[PDB]
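Note: ideal-geometry Cβ built from the backbone for every residue, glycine included; neighbour counts use all protein chains shown. What follows draws every value from the coordinates through simple rules; no lab data is involved.
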Amino acid sequence: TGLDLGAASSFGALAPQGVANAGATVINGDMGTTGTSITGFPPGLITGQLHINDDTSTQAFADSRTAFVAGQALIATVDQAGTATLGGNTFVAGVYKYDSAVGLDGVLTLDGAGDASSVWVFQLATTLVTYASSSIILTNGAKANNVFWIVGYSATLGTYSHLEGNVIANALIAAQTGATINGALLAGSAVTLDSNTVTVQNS
């Protein structure tokens, strides 16, 4: 019960209303927009293909929204209700449902429990915020590309934070200075970046 990102699966950063970057960002992956503005490359750099307003962009965007729809349609296996904090937890495979704003301060561990095909789907009804130097850790087989952050509004990643997983946001994804991602940023409005490293993971 992982999500298929389709043509989006090679993209480190994808958004309809553009990507804005500052600083020596490195995207180990493709980057695109169905709009026409990318700013800040250079000093940002990507290793893969740039797709600005072309067929790949259109298709990748649509698959990203498809994946988003699926991520929200899954039935939760853990209901976290109003819990506001992710940090300080170890979570095995699951569809975790949170009803409002969540933050990650400290360390969230994802425990593959011995099984590499472990899947996490975080259904975050509203915002995700991670804090400065917060981190997500993988253990016992957990793979980043089997982690899905389904963000009902927008995500903000804290300065020097580290995130594992595919971030699929309904609206904005803003990565603050020095945040690093093993995963992808698939936004419904814009992606903004500052001196980030985003490294697309496979399975």
Practice task
Mind giving me the FRET efficiency for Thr90 and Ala116? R0 is 25 Å, r the Cβ-Cβ distance, nearest 0.05 is fine.
Solution key: 0.90
Handout entry: segment 1-46 versus segment 108-143: alpha-carbon centroid distance in Å
Key = 22
Completion exercise
When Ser133, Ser117 are arranged by how many other beta-carbons sit within 10 Å of their Cβ, fewest first, they go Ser117, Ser133
Handout entry: Ellipticity estimate at 222 nm from DSSP helix runs (n ≥ 4, -39,500 (n - 2.57)) divided over the chain, nearest 500
Key = -3000 deg cm²/dmol
Problem - the chain: angle of helix 55-73 to the longest principal axis, Cα-based, in degrees nearest 10 - result: 20
Problem - Distance between modelled label sites at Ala76 and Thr36, nm, 7 Å Cα→Cβ extension - result: 4.3
Problem - Taking the chain and dividing mean pair separation by its residue count, relative contact order in percent (alpha carbons under 8 Å, at least six apart) - result: 21
Fill in the blank from the handout: Per the rule of 0.36 nm per residue minus the C-alpha distance, extending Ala101 to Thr199 adds in nm 32.7 nm
Handout entry: Sequence of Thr156, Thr66 once ranked by neighbouring C-beta atoms within 10 Å, starting from the fewest
Key = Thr66, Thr156
Exercise for the section: Could you run the Karplus curve 6.51 cos²θ - 1.76 cosθ + 1.60 with θ = phi - 60° over segment 181-195 and give me ³J(HN,Hα) per residue in whole Hz, x for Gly and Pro? Expected result: 9, 8, x, 7, 10, 10, 9, x, 10, 10, 10, 10, 9, 8, 6
Problem - Cβ-based exposure ranking for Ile136, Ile27, in which fewest neighbours within 10 Å come first - result: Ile136, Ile27
Fill in the blank from the handout: Taking N as the residue count of the chain, its alpha carbon Rg divided by 2.2 N^0.38 Å gives 0.92
Handout entry: Calculated FRET efficiency for the pair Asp54/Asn28, C-beta based, R₀ 25 Å, to 0.05
Key = 0.75
